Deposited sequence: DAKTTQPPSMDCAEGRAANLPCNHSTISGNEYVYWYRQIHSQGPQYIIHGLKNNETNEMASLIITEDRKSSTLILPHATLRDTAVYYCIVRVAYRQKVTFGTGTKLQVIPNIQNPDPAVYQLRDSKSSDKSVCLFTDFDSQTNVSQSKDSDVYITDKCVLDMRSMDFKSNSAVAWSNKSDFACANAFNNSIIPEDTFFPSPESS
C-alpha cells in the first residue's frame, strides 16, 4: 500500500527528507514511520493522520490530498543510518504490513581529505599486519587478499568524520588498494 525508494544517500549534518507514497490511503488510515537499525527490531518514530506532526525523533509532513508524506530527521548523523519503513494502517486494526522500506546512508562531506595507506602491526604477533586506507573523501569507492568496504567513523567530541577500508593477507600495503582508483595524492609511509 506504500512505495519507497529502496536505498538513499543523504548529507550528514543536515535535515534528511525521506519520501513515501500512499496513493490509495483511506480517511481512517494513519501514516506510520518505523526505523530498523542493524541486528535490531523495528522501532516506532512518528505517526499522523492529516496534520503535520513533530516529536523529538522527527517531523512528519502529510500532503493535503494525503497521497504522499515526508519523514524529516532534524539532523542526520552516522547513527541515523538505518532502514526506514513507511506503513499505512486502518484505525481499528493493529497488524502492520511492511514494505521494503528505505536504506538510508548518512554521508559526510570531508572538508580536509588526507588519503593515506598505513601498516598496523598486531598487538601480540610477528608477520601479522593489516593495511589501513583512510581519510579519503566520500566520493572514493573501494573495490574488494581481503579488502573490506568503506566505513565511516565519527569522532564526535572532535567534530571529525573519516572514511576507511582495511586490507590483509597471509604482500605489501602499497599494492593492497590499487584495484580501485585511490587518490594520486595518497600518503604511502
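- Unmodelled regions of the deposited chain, listed from N- to C-terminal end, are 1-2, 147-151, 178-180, 200-204.
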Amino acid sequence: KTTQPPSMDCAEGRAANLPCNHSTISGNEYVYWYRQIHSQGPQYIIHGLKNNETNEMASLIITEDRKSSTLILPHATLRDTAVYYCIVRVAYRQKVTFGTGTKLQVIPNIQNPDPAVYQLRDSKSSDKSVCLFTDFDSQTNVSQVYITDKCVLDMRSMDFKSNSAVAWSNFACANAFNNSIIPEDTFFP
From here on, numbers count along this sequence of modelled residues.
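- Comparing 50-58 with 65-73, the stretch with the higher mean C-alpha B-factor in the PDB entry is 50-58.
- Once the C-alpha B-factors are averaged per stretch, 130-138 and 149-157 rank with 130-138 first.
- Each of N175, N21, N17, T24 has a CA temperature factor in the record; the biggest one is found at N175.
- Residue set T81, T102, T97, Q94: peak C-alpha B-factor at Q94 (per PDB entry).
- When the modelled residues of the chain are ordered by their C-alpha B factor, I110 lands in the middle third.
- For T2, the recorded CA temperature factor ranks within the middle third of the chain's modelled residues.
- Per-chain ranking of the deposited C-alpha B factor places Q36 in the lowest third.
- Remark: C86 belongs to the lowest third of its chain, ranked by C-alpha B-factor as recorded.
- Among the modelled residues of the chain, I181 sits in the highest third by CA temperature factor in this PDB entry.
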